[PDB]
Structures are given as C-alpha cells and as structure tokens.
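Have a look at the structure below before the remarks.
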Amino acid sequence: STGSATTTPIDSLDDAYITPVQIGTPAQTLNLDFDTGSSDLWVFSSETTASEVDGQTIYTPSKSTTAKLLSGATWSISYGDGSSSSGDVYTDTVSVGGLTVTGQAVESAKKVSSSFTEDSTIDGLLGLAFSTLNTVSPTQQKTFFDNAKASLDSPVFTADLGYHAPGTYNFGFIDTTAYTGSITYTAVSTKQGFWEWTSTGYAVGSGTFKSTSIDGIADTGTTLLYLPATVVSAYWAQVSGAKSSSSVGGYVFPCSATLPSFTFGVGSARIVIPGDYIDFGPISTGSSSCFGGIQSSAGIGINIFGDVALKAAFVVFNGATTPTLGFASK
C-alpha cells in the first residue's frame with residue numbers, strides 16, 4: 001500500500017504545516033501537524049477542557065463506531081517549545097492520503113497548553129519519530145508509520161515541504177518526479193528516538209564550504225533551523241545590521257537587508273537554503289526588525305534541522321531495519 005497527502009502552511013510565514021487526517025467511522029477529518037520530532041498522535045477532542053478549545057476541530061470518539069477505549073491508558077507530553085498536552089487514549093481507524101491503519105492509538109487531549117489553544121489551525125499532532133518516544137502509559141503505543149510499515153510497498157515516508165506553498169507527505173514510495181539529481185542517504189542514530197544524523201558541514205552564501213560534523217535531528221515539527229552558536233554567528237555576520245537580541249530571543253535583522261543562502265552538507269552532497277527561506281518577518285506588526293530563520297541551538301541540547309532546512313530538500317525517512325535519511329535537491 002501507499003498514501004499521499006498534501007501538507008499546507010498554517011500562515012504566510014510557514015510557521016507550521018497541517019495535513020488532513022481521517023479518524024474514525026464515519027471519518028472525522030482533523031488537520032494535524034506531522035512531527036518527525038515526536039511520537040504521539042494526539043487530537044483536540046470532545047474531552048478537551050472547554051475553555052482550552054478555540055476554533056479547533058475536535059475528534060468525538062463516541063460518534064465513531066470503530067473507536068475503542070484503551071482502558072487505563074494515559075499520555076502526557078511536553079515539547080521543546082515549552083508547550084504540553086495530556087489525556088486518555090482510544091484506538092481507531094486512521095487514514096492519511098488513502099493509507100489506512102486500523103487500531104491506531106489516538107490520544108485524546110483532556111488538557112492542552114495555551115499555545116495550542118491559541119493556534120486555531122492545528123487540531124493535533126501526528127508523530128513520526130521512533131515509537132520509543134511515545135508517552136502512552138502503561139503500554140507504549142506505535143506511531144502511524146510504525147503501524148503502517150509492514151503493509152507499505154517500501155518501509156519509507158517522504159517529506160516535501162513547500163516554501164510559502166503546499167507540499168506533500170508520501171508513505172510507502174519515493175516519487176522520482178519530485179526532486180532533481182540523486183538522493184544522498186546518510187546514517188541515522190535512533191538512540192534518542194529521533195531521526196538523528198550528522199551533517200558534513202556548511203557554507204554561507206557564496207562562501208567556501210566548512211567541513212565540520214554537525215549532529216542534529218530532522219524535525220518537521222520545528223519551524224526554524226537551530227545550529228551551534230559558532231555556525232549561526234558566521235551566518236548573521238554576513239547580514240548588514242543583524243544582531244542577537246536577548247529581549248526578542250534570537251537574531252533579528254533589518255528587512256532592507258539581503259539574506260545570503262545557507263548550504264548544509266549531506267555526505268558529499270549539498271542542500272542550499274535560499275536566503276528568502278530565512279526571513280520570518282517583522283518581530284511585531286509594523287516593526288522594521290525581522291526575525292531570523294537560523295538561530296542558535298545553545299541550551300536546547302541538540303541541533304534541529306527544522307522546516308527552514310527541510311523545505312529546501314526532498315527528504316526520505318527510511319524505516320528499513322537500519323533506518324537512514326535521504327536528502328535530494330528539488
């Protein structure tokens with residue numbers, strides 16, 4: 001089997017992407033944030049505290065004839081951005097772009113943190129990291145991909161995120177029309193439950209390539225590119241007027257400035273992030289100060305190849321017995 005679904009930016013800055021997901025019988029369609037940096041499929045629901053729901057579409061398990069309580073199961077998650085959610089668990093039928101999993105754990109939120117409430121466009125998350133990170137207790141649950149894997153034509157999914165435009169998540173096949181050149185595959189460590197890999201270096205604009213190992217995660221659920229402070233400083237030093245603002249919480253730059261591209265290494269191959277992808281607009285409405293899309297990972301504890309990086313490539317998440325990651329230009 002295979003599946004193919006369009007993913008759509010939530011706003012004009014590509015702050016996140018939402019993909020429609022069918023849950024239950026008859027189908028309830030929710031727009032979920034596909035997150036290769038986590039491993040829970042959780043949704044706003046009829047059980048979510050009413051004051052914490054503000055425009056989201058909810059899953060109502062009582063209206064699904066295939067929903068079954070996962071008795072005794074609870075879940076609770078906190079994300080790198082400080083947001084969180086928790087609740088109980090049902091199993092139900094979940095379909096993405098034509099691909100159907102029966103008995104998928106659907107984690108129903110009883111509580112969500114303010115950032116989730118305040119974002120009306122995201123109805124939940126669909127985790128695509130390794131199932132070892134799943135928070136369901138007492139019995140850890142499998143991700144949608146893990147459940148589908150054995151049935152897929154090939155045990156892979158791909159992320160093809162658009163710049164200020166829709167893109168595509170495919171399951172079970174590689175669309176050879178969706179990228180240019182070849183796909184370069186690189187080793188993955190699953191030791192932290194992430195799609196963790198090592199970039200071979202970077203360049204800033206037309207500058208020479210610096211060969212240096214950068215361990216980080218391929219994370220579709222993180223908006224920006226977070227790299228070591230040395231790398232980030234080298235980038236922003238090439239932008240007139242850029243500075244790190246402690247009050248704002250990262251590098252900002254005048255929108256009159258021209259942003260250089262940023263290249264990262266995948267083996268001997270190179271992915272070029274165009275300068276425009278690194279502009280995240282005014283820090284506040286009407287401000288001449290713009291927020292940068294490359295920021296320091298110092299104090300996160302890990303480097304994150306988030307959407308800024310991933311949307312510059314066609315990315316293969318290869319879930320073979322020894323997982324690997326593939327990157328192609330497009």
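Order determines the names: the first chain of the structure tokens is A, the second B, and so forth; residues in each chain are numbered 1 upward, and ligands are numbered 1 upward as they are shown.
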
Interface rows for region 86-137 of chain A against region 2-6 of chain A: nearest pair, Å to one decimal, 7 Å, only C-alpha atoms, as CSV:
residue,atom,partner,partner_atom,distance
A:96,CA,A:3,CA,6.3
A:97,CA,A:5,CA,4.4
A:98,CA,A:3,CA,5.0
A:99,CA,A:3,CA,4.5

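Backbone DSSP of region 51-97 of chain A yields strand (DSSP E or B) at residues 59, 68, 69, 70, 71, 72, 73, 74, 75, 76, 77, 78, 84, 85, 86, 87, 88, 89, 90, 91, 92, 93, 94, 95 and 96 of chain A.
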
Given the selection you just returned, output its residues as a file containing N, CA and C atoms, formatted as a tab-separated table (two decimals), in the first residue's frame.
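Heads up, here's the output in again15.tsv:
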chain	number	residue	atom	x	y	z
A	59	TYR	N	-12.09	15.68	17.63
A	59	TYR	CA	-12.44	14.28	17.49
A	59	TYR	C	-13.42	13.92	18.60
A	68	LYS	N	-12.40	2.49	20.25
A	68	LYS	CA	-12.40	1.65	21.44
A	68	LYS	C	-11.49	2.28	22.50
A	69	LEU	N	-12.00	2.46	23.71
A	69	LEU	CA	-11.18	2.96	24.79
A	69	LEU	C	-9.98	2.03	24.98
A	70	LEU	N	-8.79	2.61	25.09
A	70	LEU	CA	-7.63	1.83	25.50
A	70	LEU	C	-7.62	1.93	27.03
A	71	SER	N	-8.21	0.93	27.66
A	71	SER	CA	-8.54	1.03	29.07
A	71	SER	C	-7.32	1.23	29.94
A	72	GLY	N	-7.38	2.25	30.79
A	72	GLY	CA	-6.31	2.50	31.74
A	72	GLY	C	-5.17	3.33	31.20
A	73	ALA	N	-5.18	3.61	29.90
A	73	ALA	CA	-4.08	4.32	29.27
A	73	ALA	C	-4.18	5.84	29.43
A	74	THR	N	-3.04	6.45	29.75
A	74	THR	CA	-2.95	7.90	29.78
A	74	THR	C	-1.72	8.32	29.00
A	75	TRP	N	-1.65	9.60	28.66
A	75	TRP	CA	-0.49	10.15	27.99
A	75	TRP	C	-0.27	11.57	28.46
A	76	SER	N	0.96	12.04	28.31
A	76	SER	CA	1.31	13.37	28.76
A	76	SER	C	2.62	13.75	28.09
A	77	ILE	N	2.64	14.88	27.41
A	77	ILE	CA	3.81	15.24	26.63
A	77	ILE	C	4.14	16.70	26.85
A	78	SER	N	5.43	17.00	26.83
A	78	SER	CA	5.91	18.38	26.83
A	78	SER	C	6.91	18.52	25.70
A	84	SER	N	2.55	21.79	25.96
A	84	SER	CA	2.23	20.48	26.51
A	84	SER	C	0.76	20.11	26.33
A	85	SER	N	0.47	18.82	26.51
A	85	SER	CA	-0.89	18.30	26.44
A	85	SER	C	-0.93	16.93	27.10
A	86	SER	N	-2.13	16.47	27.46
A	86	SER	CA	-2.28	15.20	28.15
A	86	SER	C	-3.72	14.73	28.07
A	87	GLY	N	-3.94	13.45	28.30
A	87	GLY	CA	-5.28	12.91	28.27
A	87	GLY	C	-5.33	11.40	28.33
A	88	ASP	N	-6.37	10.83	27.71
A	88	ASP	CA	-6.53	9.39	27.65
A	88	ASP	C	-6.46	8.92	26.19
A	89	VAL	N	-6.75	7.65	25.94
A	89	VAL	CA	-6.40	7.04	24.67
A	89	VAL	C	-7.51	6.15	24.15
A	90	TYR	N	-7.79	6.28	22.85
A	90	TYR	CA	-8.67	5.37	22.13
A	90	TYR	C	-7.87	4.71	21.03
A	91	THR	N	-8.31	3.55	20.57
A	91	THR	CA	-7.81	3.04	19.30
A	91	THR	C	-8.90	3.27	18.27
A	92	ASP	N	-8.51	3.60	17.05
A	92	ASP	CA	-9.49	3.82	15.99
A	92	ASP	C	-8.79	3.71	14.65
A	93	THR	N	-9.59	3.75	13.60
A	93	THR	CA	-9.10	3.73	12.24
A	93	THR	C	-8.62	5.11	11.83
A	94	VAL	N	-7.39	5.18	11.31
A	94	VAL	CA	-6.78	6.44	10.92
A	94	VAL	C	-6.30	6.30	9.48
A	95	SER	N	-6.69	7.23	8.62
A	95	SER	CA	-6.23	7.22	7.24
A	95	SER	C	-5.56	8.53	6.89
A	96	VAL	N	-4.46	8.41	6.14
A	96	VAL	CA	-3.71	9.56	5.64
A	96	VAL	C	-3.54	9.37	4.16

Considering only C-alpha atoms, state which residue in the set A:217, A:330, A:10, A:246 is at the smallest distance from residue 191 (chain A).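 Of A:217, A:330, A:10, A:246, the one nearest residue 191 (chain A) is A:217, counting only C-alpha atoms.
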
Give me the residues within 7 Å of region 285-302 of chain A as a PyMOL selection string, counting only C-alpha atoms and dropping any in the same chain fewer than 2 places off. chain A and resi 216+224-229+232+250-255+278-283+304+308

Which of these, A:29, A:170, A:223, A:39, has the shortest distance to residue 81 (chain A) once you count only C-alpha atoms?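 So, comparing all the options, the nearest one is A:223.
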
Could you pull the residues within 12 Å of residue 149 (chain A), counting only C-alpha atoms, minus those fewer than 2 positions along the same chain, as JSON, numbers by chain? {"A": [1, 2, 3, 99, 100, 101, 128, 142, 143, 144, 145, 146, 147, 151, 152, 153, 154, 155, 156, 157, 171, 172, 173, 317, 318, 319, 320, 321]}

Take the residues from that selection and put them in a file with C-alpha atoms, as a compact mmCIF listing (two decimals), in the first residue's frame.
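What landed in out_37.txt:
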# COMPACT_ATOMS: atom_id res chain seq x y z
CA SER A 1 0.00 0.00 0.00
CA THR A 2 0.85 3.68 -0.22
CA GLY A 3 -0.55 7.02 0.88
CA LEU A 99 -3.42 4.79 3.56
CA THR A 100 -5.40 3.21 6.38
CA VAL A 101 -4.28 1.92 9.76
CA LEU A 128 6.66 10.33 13.07
CA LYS A 142 3.24 2.74 17.98
CA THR A 143 3.27 5.65 15.56
CA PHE A 144 1.09 5.71 12.46
CA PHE A 145 4.19 4.97 10.36
CA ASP A 146 5.29 2.09 12.58
CA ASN A 147 1.81 0.54 12.34
CA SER A 151 1.91 -3.08 4.72
CA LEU A 152 3.72 -0.38 2.75
CA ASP A 153 5.24 -1.12 -0.65
CA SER A 154 8.52 0.17 0.80
CA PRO A 155 9.07 0.99 4.51
CA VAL A 156 9.59 4.72 3.97
CA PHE A 157 7.87 8.06 4.10
CA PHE A 171 4.04 6.91 2.55
CA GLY A 172 5.40 3.74 1.02
CA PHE A 173 7.05 5.08 -2.11
CA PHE A 317 12.72 8.90 6.11
CA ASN A 318 13.79 5.32 5.50
CA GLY A 319 12.40 2.94 8.09
CA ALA A 320 14.27 -0.14 6.94
CA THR A 321 15.70 -2.40 9.64

Rank A:18, A:112, A:271, A:239 by their smallest atom-to-atom distance to residue 256 (chain A), using only C-alpha atoms, and report the top residue only.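 Closest residue, counting only C-alpha atoms: A:239.
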
Which is closest to residue 197 (chain A) among A:23, A:129, A:325, A:257, if we use only C-alpha atoms?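 Closest candidate: A:325.
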
Please report, as a list in words, each residue of region 39-208 of chain A to which DSSP assigns alpha helix (DSSP H) when run on this structure's backbone.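 Secondary structure check on region 39-208 of chain A, alpha helix (DSSP H): residues 114, 115, 116, 117, 144, 145, 146, 147 and 148 of chain A.
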
Calculate how many Å separate CA of residue 215 (chain A) from CA of residue 187 (chain A), rounding to one decimal.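 Between CA of residue 215 (chain A) and CA of residue 187 (chain A) the gap is 10.9 Å.
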
Between A:24, A:166, A:267, A:201, which is the closest to residue 106 (chain A) once you count only C-alpha atoms?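 For residue 106 (chain A), the nearest of the candidates is A:24.
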
Give me the residues near residue 207 (chain A) as an mmCIF file with C-alpha atoms, in the first residue's frame, where near means some atom within 10 Å (using only C-alpha atoms) and where sequence neighbours in that chain fewer than 2 positions away do not count.
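Output file out.cif follows:
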data_model
loop_
_atom_site.group_PDB
_atom_site.id
_atom_site.type_symbol
_atom_site.label_atom_id
_atom_site.label_comp_id
_atom_site.auth_asym_id
_atom_site.auth_seq_id
_atom_site.Cartn_x
_atom_site.Cartn_y
_atom_site.Cartn_z
ATOM 1 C CA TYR A 202 28.065 24.303 5.910
ATOM 2 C CA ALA A 203 28.594 27.348 3.743
ATOM 3 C CA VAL A 204 27.229 30.891 4.000
ATOM 4 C CA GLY A 205 26.165 32.441 0.703
ATOM 5 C CA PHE A 209 32.333 25.152 2.459
ATOM 6 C CA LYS A 210 33.455 24.424 6.025
ATOM 7 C CA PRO A 260 22.561 35.065 1.938
ATOM 8 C CA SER A 261 21.749 31.429 1.289
ATOM 9 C CA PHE A 262 22.861 28.741 3.715
ATOM 10 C CA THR A 263 24.248 25.425 2.497
#

Write out as a ChimeraX atom specification the residues lying within 12 Å of residue 265 (chain A), counting only C-alpha atoms and excluding same-chain residues fewer than 4 positions away. /A:184-186,197-204,209-215,269-273,305,309,313,326-329

Atoms kept (N, CA, C and O atoms) for selection, written as a short mmCIF file (atom, residue, chain, number, x, y, z; two decimals), in the first residue's frame:
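Resulting contents of out_2.cif:
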data_model
loop_
_atom_site.label_atom_id
_atom_site.label_comp_id
_atom_site.auth_asym_id
_atom_site.auth_seq_id
_atom_site.Cartn_x
_atom_site.Cartn_y
_atom_site.Cartn_z
N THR A 184 20.91 11.51 -1.63
CA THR A 184 22.07 11.08 -0.86
C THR A 184 21.59 10.59 0.48
O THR A 184 20.94 11.34 1.22
N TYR A 185 21.91 9.35 0.81
CA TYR A 185 21.50 8.78 2.07
C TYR A 185 22.62 8.88 3.08
O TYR A 185 23.80 8.85 2.74
N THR A 186 22.21 9.03 4.33
CA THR A 186 23.13 9.27 5.42
C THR A 186 22.65 8.50 6.66
O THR A 186 21.46 8.23 6.81
N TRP A 197 21.11 12.53 12.69
CA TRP A 197 22.10 12.30 11.64
C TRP A 197 23.21 13.33 11.80
O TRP A 197 23.13 14.20 12.66
N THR A 198 24.23 13.24 10.97
CA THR A 198 25.37 14.14 11.09
C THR A 198 25.63 14.82 9.76
O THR A 198 26.05 14.18 8.80
N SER A 199 25.36 16.11 9.71
CA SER A 199 25.70 16.90 8.54
C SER A 199 27.22 17.04 8.44
O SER A 199 27.93 17.07 9.44
N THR A 200 27.71 17.15 7.22
CA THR A 200 29.15 17.20 6.97
C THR A 200 29.72 18.61 6.92
O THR A 200 30.92 18.79 6.76
N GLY A 201 28.86 19.62 7.07
CA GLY A 201 29.35 20.98 7.15
C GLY A 201 28.39 22.01 6.59
O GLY A 201 27.21 21.74 6.37
N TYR A 202 28.92 23.21 6.34
CA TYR A 202 28.06 24.30 5.91
C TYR A 202 28.83 25.35 5.11
O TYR A 202 30.05 25.45 5.17
N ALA A 203 28.07 26.14 4.35
CA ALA A 203 28.59 27.35 3.74
C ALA A 203 27.58 28.47 3.92
O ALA A 203 26.37 28.22 4.06
N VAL A 204 28.07 29.70 3.92
CA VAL A 204 27.23 30.89 4.00
C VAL A 204 27.31 31.63 2.67
O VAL A 204 28.39 32.05 2.24
N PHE A 209 32.95 26.13 1.59
CA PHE A 209 32.33 25.15 2.46
C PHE A 209 33.27 24.79 3.60
O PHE A 209 34.44 24.50 3.38
N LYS A 210 32.73 24.80 4.82
CA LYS A 210 33.46 24.42 6.03
C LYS A 210 33.09 22.99 6.37
O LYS A 210 31.94 22.70 6.69
N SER A 211 34.07 22.10 6.29
CA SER A 211 33.86 20.70 6.64
C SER A 211 33.90 20.56 8.15
O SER A 211 34.92 20.82 8.79
N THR A 212 32.77 20.17 8.72
CA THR A 212 32.66 20.01 10.16
C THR A 212 31.42 19.21 10.46
O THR A 212 30.40 19.40 9.83
N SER A 213 31.51 18.29 11.42
CA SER A 213 30.39 17.42 11.76
C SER A 213 29.37 18.14 12.62
O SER A 213 29.71 18.70 13.66
N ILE A 214 28.12 18.13 12.18
CA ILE A 214 27.03 18.74 12.93
C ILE A 214 25.94 17.70 13.16
O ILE A 214 25.17 17.39 12.24
N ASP A 215 25.86 17.19 14.38
CA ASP A 215 24.86 16.19 14.74
C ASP A 215 23.55 16.91 14.98
O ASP A 215 23.52 17.87 15.72
N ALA A 269 27.23 15.57 -0.73
CA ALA A 269 26.22 16.38 -1.39
C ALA A 269 25.91 17.66 -0.61
O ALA A 269 26.32 17.82 0.54
N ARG A 270 25.16 18.56 -1.23
CA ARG A 270 24.94 19.88 -0.67
C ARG A 270 23.49 20.30 -0.88
O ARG A 270 22.98 20.22 -2.00
N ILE A 271 22.84 20.75 0.20
CA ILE A 271 21.50 21.33 0.13
C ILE A 271 21.60 22.83 0.37
O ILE A 271 22.15 23.26 1.39
N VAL A 272 21.05 23.62 -0.56
CA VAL A 272 21.13 25.06 -0.48
C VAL A 272 19.78 25.62 -0.04
O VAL A 272 18.78 25.43 -0.73
N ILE A 273 19.77 26.28 1.11
CA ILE A 273 18.60 27.01 1.60
C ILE A 273 18.66 28.43 1.04
O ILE A 273 19.56 29.18 1.40
N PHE A 305 17.41 20.42 12.52
CA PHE A 305 17.10 20.71 11.14
C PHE A 305 15.59 20.75 10.99
O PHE A 305 14.95 19.75 10.62
N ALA A 309 15.26 24.25 6.97
CA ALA A 309 16.19 23.38 6.27
C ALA A 309 15.46 22.34 5.40
O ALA A 309 15.79 22.16 4.23
N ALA A 313 14.65 20.72 0.61
CA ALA A 313 15.01 19.40 0.11
C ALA A 313 13.80 18.50 -0.02
O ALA A 313 12.73 18.77 0.53
N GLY A 326 17.48 10.25 3.63
CA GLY A 326 17.91 10.68 2.31
C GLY A 326 17.53 12.12 2.05
O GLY A 326 16.48 12.58 2.46
N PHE A 327 18.42 12.84 1.39
CA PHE A 327 18.17 14.22 1.01
C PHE A 327 18.49 14.41 -0.47
O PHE A 327 19.55 14.00 -0.95
N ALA A 328 17.57 15.06 -1.17
CA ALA A 328 17.78 15.49 -2.55
C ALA A 328 17.42 16.96 -2.69
O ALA A 328 16.54 17.47 -1.99
N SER A 329 18.08 17.64 -3.63
CA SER A 329 17.65 18.97 -4.03
C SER A 329 16.37 18.86 -4.85
O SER A 329 16.01 17.78 -5.32
#

What is the CA of residue 234 (chain A) to CA of residue 206 (chain A) distance in Å?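 Those two atoms sit 12.9 Å apart.
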
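Proximity to residue 124 (chain A) was assessed for A:53, A:159, A:32, A:174 counting only C-alpha atoms; the smallest distance is recorded for A:32.
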
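Interatomic distance, CA of residue 222 (chain A) to CA of residue 306 (chain A): 4.8 Å.
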
Which residues are near region 114-116 of chain A? Cut-off 10 Å, only C-alpha atoms, ignore same chain within fewer than 3 positions. Put them as a VMD selection string. chain A and resid 44 52 to 54 56 81 to 85 111 119 to 124

Since we have the selection now, will you write its residues out, keeping N, CA and C atoms, as a compact mmCIF listing (two decimals), in the first residue's frame?
# COMPACT_ATOMS: atom_id res chain seq x y z
N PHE A 44 -7.20 17.38 19.63
CA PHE A 44 -8.30 18.06 20.31
C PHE A 44 -9.52 17.16 20.20
N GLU A 52 -10.23 25.52 26.86
CA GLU A 52 -8.96 25.36 26.17
C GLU A 52 -9.14 25.04 24.68
N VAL A 53 -10.39 25.01 24.22
CA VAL A 53 -10.68 24.86 22.80
C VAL A 53 -11.12 26.21 22.22
N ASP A 54 -10.49 26.63 21.13
CA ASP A 54 -10.75 27.94 20.50
C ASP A 54 -10.61 27.86 18.97
N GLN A 56 -10.55 25.00 17.05
CA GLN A 56 -10.07 23.73 16.53
C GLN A 56 -11.23 22.80 16.21
N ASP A 81 9.40 23.54 22.80
CA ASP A 81 8.98 24.94 22.82
C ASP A 81 8.21 25.28 24.10
N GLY A 82 8.16 24.33 25.03
CA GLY A 82 7.52 24.56 26.31
C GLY A 82 6.03 24.28 26.35
N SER A 83 5.46 23.88 25.22
CA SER A 83 4.04 23.57 25.17
C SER A 83 3.80 22.13 25.66
N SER A 84 2.55 21.79 25.96
CA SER A 84 2.23 20.48 26.51
C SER A 84 0.76 20.11 26.33
N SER A 85 0.47 18.82 26.51
CA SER A 85 -0.89 18.30 26.44
C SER A 85 -0.93 16.93 27.10
N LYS A 111 -6.37 18.03 28.39
CA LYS A 111 -5.75 19.32 28.68
C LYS A 111 -4.75 19.65 27.59
N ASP A 119 -3.69 28.54 18.79
CA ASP A 119 -3.50 28.25 17.37
C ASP A 119 -4.69 27.46 16.81
N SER A 120 -5.62 28.19 16.20
CA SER A 120 -6.87 27.59 15.76
C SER A 120 -6.70 26.65 14.59
N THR A 121 -5.54 26.68 13.94
CA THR A 121 -5.34 25.95 12.69
C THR A 121 -4.83 24.53 12.89
N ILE A 122 -4.33 24.23 14.09
CA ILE A 122 -3.76 22.91 14.38
C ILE A 122 -4.66 22.13 15.34
N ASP A 123 -5.20 21.01 14.84
CA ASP A 123 -6.15 20.18 15.58
C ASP A 123 -5.49 19.06 16.37
N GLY A 124 -4.18 18.97 16.25
CA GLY A 124 -3.42 17.95 16.95
C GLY A 124 -2.11 17.68 16.23
